[PDB]
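As you go down the protein sequences, you meet chains A, B, D, K and I in turn.
Using the authors' numbering, the letters of the first sequence correspond one by one to residues 169 to 242, 244 to 276, 288 to 305, 311 to 395, 405 to 413, 424 to 460, 476 to 537, 554 to 603.
Using the authors' numbering, the letters of the second sequence correspond one by one to residues 169 to 242, 244 to 278, 288 to 395, 403 to 413, 424 to 457, 476 to 537, 554 to 603.
Using the authors' numbering, the letters of the third sequence correspond one by one to residues 169 to 241, 244 to 277, 288 to 304, 311 to 395, 403 to 413, 424 to 457, 476 to 537, 554 to 603.
Using the authors' numbering, the letters of the fourth sequence correspond one by one to residues 169 to 242, 244 to 278, 288 to 304, 311 to 395, 403 to 413, 424 to 457, 476 to 537, 554 to 603.
Using the authors' numbering, the letters of the fifth sequence correspond one by one to residues 169 to 242, 244 to 278, 288 to 304, 311 to 395, 403 to 412, 424 to 457, 476 to 537, 554 to 603.
Heads up, the beta-carbon is just placed ideally off N, CA and C, and yes, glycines get one too.
Presented below is the structure to which this report refers.
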Amino acid sequence: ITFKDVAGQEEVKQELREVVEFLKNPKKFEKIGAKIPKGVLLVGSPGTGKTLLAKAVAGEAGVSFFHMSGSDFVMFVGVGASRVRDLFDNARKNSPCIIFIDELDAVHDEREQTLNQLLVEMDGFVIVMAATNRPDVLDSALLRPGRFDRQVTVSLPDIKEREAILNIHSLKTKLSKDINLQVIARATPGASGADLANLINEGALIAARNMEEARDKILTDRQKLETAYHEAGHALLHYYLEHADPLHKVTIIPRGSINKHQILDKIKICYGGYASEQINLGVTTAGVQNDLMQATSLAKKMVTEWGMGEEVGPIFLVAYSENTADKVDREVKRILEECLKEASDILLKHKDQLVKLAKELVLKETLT
Amino acid sequence: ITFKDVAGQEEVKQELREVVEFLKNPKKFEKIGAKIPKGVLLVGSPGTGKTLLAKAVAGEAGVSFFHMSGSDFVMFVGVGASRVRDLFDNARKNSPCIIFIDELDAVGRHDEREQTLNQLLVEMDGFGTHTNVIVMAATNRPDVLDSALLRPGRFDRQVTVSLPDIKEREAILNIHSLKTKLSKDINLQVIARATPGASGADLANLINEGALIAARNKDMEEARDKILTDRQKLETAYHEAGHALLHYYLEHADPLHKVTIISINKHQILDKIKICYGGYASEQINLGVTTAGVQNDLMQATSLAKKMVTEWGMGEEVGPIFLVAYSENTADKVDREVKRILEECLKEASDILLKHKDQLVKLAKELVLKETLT
Amino acid sequence: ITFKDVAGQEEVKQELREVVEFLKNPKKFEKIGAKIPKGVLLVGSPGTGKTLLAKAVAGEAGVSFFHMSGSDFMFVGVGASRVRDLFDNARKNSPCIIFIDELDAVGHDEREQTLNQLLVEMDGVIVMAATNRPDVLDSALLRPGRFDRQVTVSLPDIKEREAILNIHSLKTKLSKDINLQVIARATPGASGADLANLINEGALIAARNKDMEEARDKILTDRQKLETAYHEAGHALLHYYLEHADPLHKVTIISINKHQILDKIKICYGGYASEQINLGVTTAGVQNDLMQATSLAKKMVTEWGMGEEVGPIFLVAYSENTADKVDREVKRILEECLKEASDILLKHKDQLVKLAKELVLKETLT
Amino acid sequence: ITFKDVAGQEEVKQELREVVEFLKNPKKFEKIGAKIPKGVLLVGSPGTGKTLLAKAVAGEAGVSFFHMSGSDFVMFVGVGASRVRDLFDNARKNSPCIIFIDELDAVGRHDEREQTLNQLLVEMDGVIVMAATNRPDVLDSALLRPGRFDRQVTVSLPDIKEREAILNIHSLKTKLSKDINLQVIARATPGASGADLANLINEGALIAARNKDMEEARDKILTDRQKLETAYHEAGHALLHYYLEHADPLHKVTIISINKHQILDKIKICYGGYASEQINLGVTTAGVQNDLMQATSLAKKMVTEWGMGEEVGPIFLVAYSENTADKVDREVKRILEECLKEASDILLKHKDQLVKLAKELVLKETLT
Amino acid sequence: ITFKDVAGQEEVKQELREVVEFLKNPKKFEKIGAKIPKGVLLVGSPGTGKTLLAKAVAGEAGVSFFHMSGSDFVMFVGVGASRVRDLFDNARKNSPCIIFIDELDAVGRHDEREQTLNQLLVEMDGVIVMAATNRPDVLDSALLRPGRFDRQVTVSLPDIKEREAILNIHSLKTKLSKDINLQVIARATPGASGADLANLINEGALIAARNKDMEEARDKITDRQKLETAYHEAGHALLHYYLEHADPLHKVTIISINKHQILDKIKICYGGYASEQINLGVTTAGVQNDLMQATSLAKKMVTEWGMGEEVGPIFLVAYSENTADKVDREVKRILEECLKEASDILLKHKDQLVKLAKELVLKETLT
Ligand SMILES: Nc1ncnc2c1ncn2[C@@H]1O[C@H](COP(=O)(O)OP(=O)(O)O)[C@@H](O)[C@H]1O
Ligand SMILES: Nc1ncnc2c1ncn2[C@@H]1O[C@H](COP(=O)(O)OP(=O)(O)O)[C@@H](O)[C@H]1O
Ligand SMILES: Nc1ncnc2c1ncn2[C@@H]1O[C@H](COP(=O)(O)OP(=O)(O)O)[C@@H](O)[C@H]1O
Ligand SMILES: Nc1ncnc2c1ncn2[C@@H]1O[C@H](COP(=O)(O)OP(=O)(O)O)[C@@H](O)[C@H]1O
Ligand SMILES: Nc1ncnc2c1ncn2[C@@H]1O[C@H](COP(=O)(O)OP(=O)(O)O)[C@@H](O)[C@H]1O
Ligand SMILES: [Zn+2]
Ligand SMILES: [Zn+2]
Ligand SMILES: [Zn+2]
Ligand SMILES: [Zn+2]
């Protein structure tokens, strides 16, 4: 297919071009004697259409496309590895070709040698493209030079990308000018490419039986501000804290050698949503969980592992006395309670600046 | 068979029509260029006759029916997957056809099942092609199912089948009665209420048991006992009355869609905990004693409570700390704050129900009457 | 075999007849359009001759008998193949009876699909099954059609025991000097096979040269019958006096309110009490009685929120202080329920001591 | 072989006769219409020559003998089961025959053995099978059911008399001068095995290759006082059975639904040898371990499971509070410390009666 | 090969002769009707050349030698057992033959090995089998039963004398100038293995081909630490004479029990811990196992054997923390009581202990 079939990929699109450009005219890269990346990995949540982009890459390159899922290869004994080799053998025949390995996470057991085979053909010296919803599950070997050395991240669509996406699948149906897609775009924040595509279908199906009715088959404009505050509080602290680095971007679209002074500023920024959550709404949400968990981990690490604890001391505690335990839990509480204060205070001063970002976020959903 | 062979499904019936309507005239849906759902999942307890409805769908659509159980495919090596493909290959041959996958949980999540299910995925993912084959599935335990199964196209539609009410029960007894000799002496309305929250098959088996008791020589009473009060219906009515009544009075709750006898703010979390304790209260407010039926109600309350303290940092004393081994002192803090948060939420609940007790006691009898209401 | 080969089961016998009657004349049941049970499960201890009855059913019905053990049903699918194979040949000899001894064995591994096959085939001939341990069985086994019928086989009483001895006696040369009624009571709660083996052991002891006494000892008290009589007397007597209990269907020497839960705990403490009230000492036979009481107690406190001190909290992990609360409330609830029990039995002690001796005599009553 | 080749078996010999008598004249047993035991199990330590007796049974009966070890059948998949049937098929051909299954423990407890045993069980249910197990409690209860290994015969380590007798048999197989006295070695080797003794001869005969040599061999296998030490442990145990009301006197004393009152007397007996050791030697041995362990178990059961604890109460404890724990540990200590006293006291009075058994045991080694 | 190819085996050599003598003239043993041992096990650390001696046994007996490793037989299913049978079948063909089973631990520990072992046992029950294990306690009891590996011979790391002797043998295989003294290297390498020494030569011979070179090889791996070790072992051994319920050690090298017996052991376990302080004033880490064993016995006295005053006649091996504190303290009592009797004994006879030390630094072993 075309890159015109994909919307709001712009940066990702240009990132994938260097691959497209390779497959077309490898000679320009062969000219200076420059080895081409064999592997490119697409990381993203389900419905981000990681598959769609892979096809489009081949499309824009007019190159052969061989879709293979990790579920397929992952077979009695060596059958999978045979399928791996087999695929690559036929794939080499249609060179320049693209192989897509959906759920690379899928490929212990026969997978081990299947993976080994996957790694084998790759280093053999055709560009392999892979898609993982859960990338931290991946063996480090997969990311080494040559093999999936390139990595491109696909984000849930923003309001602009959402409306744009609705327009593409809309053409596949007869949509009266009465329905506004910008209205639904915002109505569905952090929805997936496929989620939206299915909404249209659901409506189109509802019509023939006889898009708002379809929204309801998903089984608040205020909660968008609530989220706006969690993210506002997080991001705002990066400028004011010395040992932080300003956020590359601030979004309300789900993203589904360090000094004590550096460690602590992080903990403060983790509390920047527990903060603005009261500063603004006076109540805390459950969305702090991971924010609290990360803070607490760093805190525990300071005390137990890094010996940055005043009371507990320069000891590695990672089975000890209950007395020793109470010491840790207490120093952890302090470090955290301090960092929350410094955070609550900073945001209270610049509250006007924070409340600015909130609505701006409820508007643009994303900014830098 | 017919939708006329099924009782107490009217809403479910209308829900299944959109499938029936597809199989008949796919062109109407192909007109605007609208992709048809490939998969439709029926969720319900055993005996709810999830199978019955699936047949009737094909019946009303005059379509081919291929029953396959998850237990079948779930086989040496790839044999199951072969059976999956095999079924779909022959199923494509009788298009428009319906495939029924009873106990989808059996193949729904690794092992042979993994590729067997990976297979179901590929088979049903058919392609842009119409195919005109719709997969129907029935699961007693749906939370066991792999997320992949519920993705767009594949079992994207989900229809929930409820244990029959008093009306559906009597209606059901009448259908299987015709299959036997029913003396005008047996009243089915009497048995209908006598058997609240019984299953379509449970009732159907009662008839059989009677029919069997006959051949050994009213008699349907002796059969009731071979399954081995009207007061307990009020007891249940109180648990559910207490639960539901609180939804109106609590700001951060949403009124219950129905009441039957068959990113969240602290303020939202707490109201839930109160509602959980609801029936625990009405149980004393009305009967002065508590039942064991609170277990899950208590468990869920306590979970939310623990989450507030430990994970969400919504605890006053414990603080904004993530506690998921720590000091016993730290433990006592959690157990104590959890106890408070719960004891509070129970009070707010017990108090509310005490005032509107007359309104709650209204629902009780009304529940013993309608068994279900909005 | 015949139902005449089985003794002291009239009730079980008459329960199995409805199956026998089906196999003979299915048409009468087909007339009114009544589906016949495909599965019937026999639950009982080892030696209760669950197998014997299954044969006899076919016997009295003159029907084909296919014995298959759960232990039999294997590499991969082989067991399932054997399942299918059996049912295929079994369908050929219809009306036939299939007996699945140790259904527990097939009721994870190949068993799963073997079971699935068992279920599969049944859904498609009456299958009979025997389990010593029925709680191990998947609920699926008991669904309508498939083992929907369940019949419980009890260890033989004094009458059934004597009757049983007489049947295997005919298989040997036992002088009229040996009285089987004497041995019947001498062996309370012995199994059909246990008794049958005693005869054999004697018959064997004879050939080496009344002798049946020497055989009793090669198993390598009339007072202990009263001890048991007290445990069961105490248990049963409380059912009448306690409001929220239901009287016991039988007494042998073989959606719940707080108020209902507590009465049970009291009943559990029945035999514990009576042992002291009568013998002044407690036996070890209280274990399960204590365990069940304690479970209910714990459940009241931890899960059901029926604890005064502990509160409406789900504790099923927590501070030691929170633990001590549970252990203490549990102890109270139990110690209370024992008292209410000990007290009741003390008053009606004369009524309890009545049942005791009567039990040493009738062994079972209602 | 003959029963005359086995020594100190007399009781075991008479026990095995009923089997011998069957194999000879099965008609006598067929006369009264008596089904014959298909299985007979021999239980004993290694070297008790469980195998020897099995052969001799066939010998005295002039019957065919088929030795098969559990280790053999225990065989890829079904191979062993086929071997089971194969043996039984050929065994039925030589009927009346005896099959000996050494290390029945090997086939008697996951897969092959499950079917293997099923097969063993299957074939038996269908020739008398004889089996030998050093560890019988490892065996599945199914093995002991009526017909299948329903008979059980226990073989004891040879006493002083059996020892001397045994030495004499293997002596004939060598050139042992009448100067060496076997009664001297018999007592010198208490609780030695039939094979242990037989090996001593061999080792001596091997030493004779250099050309009171049997003494040098005793040492190459790498106390008259310790015999009294043991005599005291066993004296203390046995003596208590007469004096305690709720006990039953020991069937034998060698140096090779229960009431609280019954439970407690046991605990006292368990403490018997622990006491006598102090009363006589003033010191305790380590040989109390199992004696202590069993006492403590009964004690724990009284408190935790049977509700026979005064302080702890009628509660089933088998996770609880530390306070609840301390209660159990303390009640257990009392119950034991009491039962030890009652024991220590009893033995102190009848010390002269206990000291009597001591030497009598160091003499007769066994008594009733 | 020859027994002359092996050095410092003297006692082991004479121990192996009875095997050699059998294989040569079996009739002498068959004369009186005496069954011959089928199995003989060699127990020793790696490099003790357990293999070397096995060959030499056959050599001095002019008998066939069939080397088979446990790693070999240890195969799909029954494959190894077939290899076992095959070996013994062909081995029977070259009778009188010797079979050597290196790493018997590999087949001696169910799995394929179980039936492979069973086959090993089976075949032996039916040629003398010789086996070598570095870890003998891993071995199934069945292996040691009468006939099957009923004989056991222990092979020791070479002493200073055996070391020098060993160096001389592999020296002949190379061009070693009379300038290098092997007695110098012998002591320089205490508790080194037959192969370790042999490899030193090689390493030197390799260093030569690039061209007192044997010294550079030493480094491609302290005379004071010999005294440190001498003290740990001096303290251990010296206590055996003075303690009533002990038995003196057969030798001292630098390479149903009464309470009274148990306790003396604990004191002995503390010997080296003491002597290190009495002499060097500091304790080493080499006490670990010495402490561990002491503590185990201590714990056993209290918990299992009911030899504890405070804890009582109770079997404790899940209990209250209060009950725990009682145990941990009875132990520190017994343990410190023991270390004391010991520390004192060694303080008095310190002059006797300091003697054994130097004698040890010299003799490396003594009786
Ligand atoms: N640019 C896009 N706009 C809209 N929908 C898209 C886009 N890209 C992909 N999709 C949708 O995503 C779904 C497929 O996602 P896929 O490519 O398989 O990624 P994933 O690996 O996350 O499932 C399809 O339903 C497709 O319509
Ligand atoms: N509408 C109905 N009324 C009465 N009984 C019904 C109805 N639908 C199904 N049943 C009964 O349900 C049983 C089968 O349930 P099934 O369709 O298999 O659902 P499940 O998957 O829960 O077992 C049969 O005994 C049938 O008689
Ligand atoms: N009615 C009976 N009277 C006496 N013995 C009986 C009777 N029924 C069965 N038995 C005995 O029970 C044994 C078989 O029990 P079985 O039928 O296999 O049941 P289980 O499954 O409990 O083993 C045989 O020894 C047989 O003699
Ligand atoms: N009566 C006996 N007297 C002496 N030795 C005996 C006797 N019976 C057997 N043995 C010895 O026992 C050993 C074999 O024991 P075995 O019969 O296999 O029993 P186990 O199963 O305990 O090993 C042989 O060495 C044999 O000499
Ligand atoms: N007497 C000896 N003197 C010196 N080296 C020896 C001697 N015996 C064996 N070795 C050495 O031991 C090594 C082999 O040890 P080996 O016989 O396999 O015993 P292990 O089983 O401990 O490895 C060889 O390098 C050999 O040179
Ligand atoms: Zn509820
Ligand atoms: Zn009871
Ligand atoms: Zn003992
Ligand atoms: Zn040491």
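Chain-ordered, the residues whose CB falls short of 6 angstroms from any heavy atom of ligand 7 come out as D:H434, D:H438, D:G492, D:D510. Taking the beta carbon of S476 of chain D as reference, the chain B residues within 9 angstroms of it are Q427, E430, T431, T504, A505, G506, listed in sequence order. Distances between the C-beta of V174 of chain K and the heavy atoms of ligand 4 include at least one below 7 angstroms. Annotation for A389 of chain K: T358 place their beta carbon closer than 6 angstroms to its own, counting only its chain and skipping 5 residues before and after. Chain A has no Cβ within less than 8 angstroms of the Cβ of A349 of chain B. For the stretch 479-493 of chain B, the set of residues with a beta-carbon nearer than 8 angstroms to any beta-carbon of chain D comprises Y490, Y493, in chain order. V567 of chain D has a beta carbon lying within less than 8 angstroms of a beta carbon in chain K. Think of a sphere of 9 angstroms around the beta carbon of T559 of chain K: the chain D residues whose beta carbon falls inside it are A560, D561, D564, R565, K568, in chain order.
Inside the stretch 315-393 of chain I, DSSP marks whole beta strand (DSSP E) runs of 3 or more residues at positions 335-338, from first to last along the chain. In the structure shown, the three-state DSSP call for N395 of chain B is coil. Remark: fewer than three beta-carbon pairs, one from each stretch, lie closer than 8 angstroms, so the stretch 348-365 of chain A and the stretch 323-338 of chain A are not flagged as touching. Within the DSSP bridge table, the entry for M236 of chain A names A:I270 as partners. Look at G227 of chain A here: in three-state DSSP terms it is helix. Beta-bridge annotation (DSSP): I312 of chain I is paired with I:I267. By alpha-carbon distance to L413 of chain K, the top candidate from K:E573, K:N383, K:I200 is K:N383.
Listed as beta-bridge partners of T523 of chain A by DSSP are no residues whatsoever. Where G207 of chain A is concerned, the enclosing beta strand (DSSP E) starts and stops at 207-211.
DSSP, reduced to helix, strand and coil, places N296 of chain D within a helical segment of the structure shown. In the structure shown, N478 of chain K falls within a strand segment according to DSSP collapsed to helix, strand and coil. Under the Cβ distance rule, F241 of chain B does not count among the residues neighbouring chain D, no pair being separated by less than 8 angstroms. The closest heavy atom of ligand 5 lies 7 angstroms or more from the beta carbon of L256 of chain D.
For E524 of chain I, at least one C-beta of chain K is nearer than 8 angstroms to its own C-beta.
Rounded to whole angstroms, the Cβ separation of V208 of chain K and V187 of chain K is 6 angstroms, and the two are in contact under 8 angstroms.
Nearest to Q427 of chain D by C-alpha distance, out of D:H452, D:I456, D:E387, is D:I456. If you draw a 10 Å sphere on the C-beta of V531 of chain K, you find 16 or more other C-beta atoms in it, and that means buried.
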